[PDB]
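Novice: A single structure is presented below for examination.
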Amino acid sequence: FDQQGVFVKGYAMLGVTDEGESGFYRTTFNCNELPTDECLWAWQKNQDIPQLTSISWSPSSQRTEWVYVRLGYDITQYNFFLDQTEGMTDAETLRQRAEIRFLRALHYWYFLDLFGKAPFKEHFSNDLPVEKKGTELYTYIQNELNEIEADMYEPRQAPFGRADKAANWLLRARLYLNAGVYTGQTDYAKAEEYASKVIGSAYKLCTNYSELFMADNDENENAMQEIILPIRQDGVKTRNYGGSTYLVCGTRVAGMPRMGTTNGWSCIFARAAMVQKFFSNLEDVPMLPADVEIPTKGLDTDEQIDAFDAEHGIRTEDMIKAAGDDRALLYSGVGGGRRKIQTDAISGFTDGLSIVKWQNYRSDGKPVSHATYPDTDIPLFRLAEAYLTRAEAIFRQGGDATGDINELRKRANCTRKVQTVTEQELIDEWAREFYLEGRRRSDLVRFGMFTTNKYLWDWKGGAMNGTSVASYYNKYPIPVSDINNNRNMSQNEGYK
Ligand SMILES: [Ca+2]
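In case it helps, the authors' numbering puts the sequence shown at residues 42 to 58, 73 to 551.
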């Protein structure tokens, strides 16, 4: 038993691994992004993509089984480390157990949030996991975090990459924020409290939003000060087709300026509703006029591409100025072809605006380690979450959440201030702040907008302009394979 090595692998499971399809981050990300208003997967021919895209999957869903099997696998590995260090009481080992138990709690949260239940197992053995659902599961996760807190590093006192007390508190805030959904009983007071504990910690907001998703976010202090839990990635050493490689390569295509990589998969683009988050009137979106032809030559270098885009006011920096928000990191320029905002039929990558939020360029201008894979870390946990969580919690309780909302909009140099917080403004702010970070679905569900008519976005439910689906889709089904293999599990309501 190599305690040190197993400990390290526990964290590694977040960012390393069809293999490229079944990783931790990619599977959770897809279940929380592909069916939402933020994006679309360009190749609908890919297995189960249509299902996830329009919220029409079933118990035989391959992508549901992927995330399900992956989450459980990671936990079995955490259970192994825990059984091997059980009873030990030295300071460092306790700290290691707390961090591993934090990672397991995080995994159980995914189960709870995605399936509303989980195949529960506390130790590493061969027995069949037993089902732990709803309130029972919720309380288990909360208890774990409450117990391990004292054994963890103080905020920002842990080696970059490892989880500290704040990471602990932020997850608890998120759980409390969703208590109504998971236990049927809201607990917004607690959500506010723990959110305040994180805001009261050493962590601080990065003064430049984009820098949070750049190649040097693990060395740039301005970004690190806000990154509570990073999933380390590295162009040469830590590679994963489903890691940051997914977020950068998947969102680019040959022809785009400053791709940051040699391989543009042209897979992920934004839905019209995502663009609308920055432009209430989609007519305000900078776009190349229909009657202006795109040259077939002379648009090779970034300087040539930028020159054309600038002439027509369609460089990403032009998109940002038009949106009056630093977060509007979208591309409607010509590199890659004439783009559409909304499409009458999902036919390709250009049927929507490109998202260039993630970049494989360092804020300090220095070279990155590789030409194809990004160095960019995935800031899974960010301080900003605390502000949005406290803002929502305060709002729900009848208080005034304008101060917390403004803190984020001020950071993004927004020209439009939110005077009166409303449910609509809140869910739209979650989108603007965290889009393409793998959490959208969870928030939509909390707001009662994921499956209902309360909120319709393009291509929801499979309809061009969107439509509602059965309410039982607010939870993914337990893979039919686990049902037949583990008599202890029972399918979720609504499915067959
Ligand atoms: Ca890195």
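Using N, Cα and C, we set each Cβ at its ideal position, and we do this for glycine too.
Ligand 1 heavy atoms versus the CB of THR431: any closer than 7 Å?
Specialist: Flag set: Cβ of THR431 near ligand 1.
Novice: Measuring from the CB of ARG287, is there a heavy atom of ligand 1 at a distance below 7 Å?
Specialist: Yes - ligand 1 has a heavy atom lying nearer than 7 Å to the Cβ of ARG287.
Novice: Apart from the five residues on each side of it in sequence, which residues of its chain come closer than 8 Å, Cβ to Cβ, to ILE155?
Specialist: Answer for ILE155: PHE48, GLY51, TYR133, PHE136, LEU137, listed in chain order.
Novice: Does DSSP classify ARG294 as helix, strand or coil?
Specialist: Coil.
Novice: What's the gap between the Cα of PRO210 and the Cα of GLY391?
Specialist: Answer to the nearest angstrom: the Cα atoms are 43 Å apart.
Novice: Do residue 66 and ligand 1 come close, with the Cβ less than 7 Å from some heavy atom?
Specialist: One cannot assign coordinates to residue 66, given that the chain in this structure leaps from 58 to 73.
Novice: Which two residues bound the contiguous beta strand (DSSP E) that contains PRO174?
Specialist: It spans 172-175 - the beta strand (DSSP E) in which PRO174 sits, taken as one unbroken run.
Novice: Give me the Cβ distance between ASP129 and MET54, rounded to the nearest whole Å; I'm assuming they're in contact under 8 Å.
Specialist: 5 Å between Cβ atoms; contact.
Novice: Check whether the Cβ of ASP498 sits closer than 7 Å to any heavy atom of ligand 1, and report yes or no.
Specialist: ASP498: no, Cβ never under 7 Å from ligand 1.
Novice: Which of helix, strand or coil does DSSP assign to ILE196?
Specialist: In this structure, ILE196 counts as helix in the three-state DSSP scheme.
Novice: Does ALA365 pass the burial test, meaning 16 or more other C-beta atoms within 10 Å, or should it be called exposed?
Specialist: Under this definition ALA365 is an exposed residue.
Novice: Pick helix, strand or coil for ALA325, following the three-state DSSP scheme.
Specialist: In this structure, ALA325 counts as strand in the three-state DSSP scheme.
Novice: Return the chain-ordered list of same chain residues with a C-beta closer than 6 Å to the C-beta of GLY78, the five sequence neighbours on each side being excluded.
Specialist: Excluding residues within five positions, the ones whose Cβ falls inside 6 Å are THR58, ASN295, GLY297.
Novice: Whole angstroms are fine: how far does the CA of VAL303 sit from the CA of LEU408?
Specialist: Near 15 Å, if we compare the C-alpha coordinates of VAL303 and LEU408.
Novice: Just to confirm my understanding: we take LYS252, look at its own chain, exclude 5 residues before and 5 after, and list those with CB closer than 7 Å. What are they?
Specialist: Cβ within range, chain order: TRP224.
Novice: Closest by CA to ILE433, which one among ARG382, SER256, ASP289?
Specialist: It is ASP289 whose Cα lies nearest to the Cα of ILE433.
Novice: Just mark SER113 as buried or exposed, buried being the case when its beta carbon has 16 or more other beta carbons within 10 Å.
Specialist: Exposed.
Novice: Could you tell me whether the Cβ atoms of residue 71 and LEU200 are closer together than 8 Å?
Specialist: There are no atomic positions for residue 71 here, as the chain continues from 58 directly to 73.
Novice: Taking the DSSP output, what are the residues bridged to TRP96?
Specialist: Its beta-bridge partners are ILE323.
Novice: Measure the alpha-carbon distance for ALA257 versus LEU89 and round it to whole angstroms.
Specialist: So the two alpha carbons sit approximately 34 Å from each other.
Novice: Using the rule of at least 16 other Cβ atoms within 10 Å of the residue's Cβ for burial, across every protein chain shown, is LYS551 buried or exposed?
Specialist: The residue is exposed, with fewer than 16 neighbouring Cβ atoms inside 10 Å.
Novice: Quick check: does the Cβ of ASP273 come within less than 7 Å of any heavy atom belonging to ligand 1?
Specialist: Yes; taking the cut-off as 7 Å, the Cβ of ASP273 has a heavy atom of ligand 1 nearer than that.
Novice: Looking only at its own chain, which residues have a Cβ that is under 6 Å from the Cβ of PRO184, when we skip the five neighbours before and after it?
Specialist: For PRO184, where only same-chain residues beyond five positions count, the Cβ hits under 6 Å are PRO174, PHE175, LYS176.
Novice: Identify whether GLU186 lies in helix, strand or coil by the three-state DSSP scheme.
Specialist: Strand.
Novice: On the DSSP bridge assignment, give the partners of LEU284 in chain order.
Specialist: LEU284 pairs with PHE436.
Novice: Please report the distance separating the alpha-carbon of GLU488 from that of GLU462.
Specialist: Each residue's alpha carbon lies about 12 Å from the other.
Novice: Measure the alpha-carbon distance for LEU511 versus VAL524 and round it to whole angstroms.
Specialist: In a straight line, the C-alpha of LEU511 is about 11 Å away from that of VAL524.
Novice: According to DSSP, is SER111 helix, strand or coil?
Specialist: The answer is coil: DSSP assigns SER111 none of H, G, I, E or B.
Novice: With DSSP as the reference, identify every bridge partner of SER409, one or two as the case may be.
Specialist: Looking at the DSSP assignment, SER409 forms a beta bridge with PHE324, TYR386.
Novice: Quick check on this structure: which residue in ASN541, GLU147, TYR490, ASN336 has the alpha carbon closest to the alpha carbon of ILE410?
Specialist: Ranking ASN541, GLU147, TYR490, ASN336 by Cα distance to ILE410 puts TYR490 first.
Novice: If you drop the 5 nearest sequence neighbours on each side, which residues of the same chain put their C-beta closer than 8 Å to that of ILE254?
Specialist: Within the same chain, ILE254 has close Cβ partners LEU438, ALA441, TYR442, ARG445.
Novice: Using alpha carbons as the reference points, say which of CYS94, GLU266, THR351 lies closest to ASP406.
Specialist: Here the closest residue by C-alpha is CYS94.
Novice: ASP73: which of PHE42, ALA328, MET374, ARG125 sits nearest, CA to CA?
Specialist: For the residues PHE42, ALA328, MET374, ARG125, the minimum Cα distance to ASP73 belongs to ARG125.
Novice: Select from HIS425, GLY517, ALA153, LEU107 the residue whose C-alpha is nearest the C-alpha of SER299.
Specialist: With distances taken between Cα atoms, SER299 lies closest to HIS425.
Novice: Starting from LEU226, trace the alpha helix (DSSP H) both ways and give me its first and last residue.
Specialist: Looking at the DSSP string, the run of the alpha helix (DSSP H) that includes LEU226 is 220-232.
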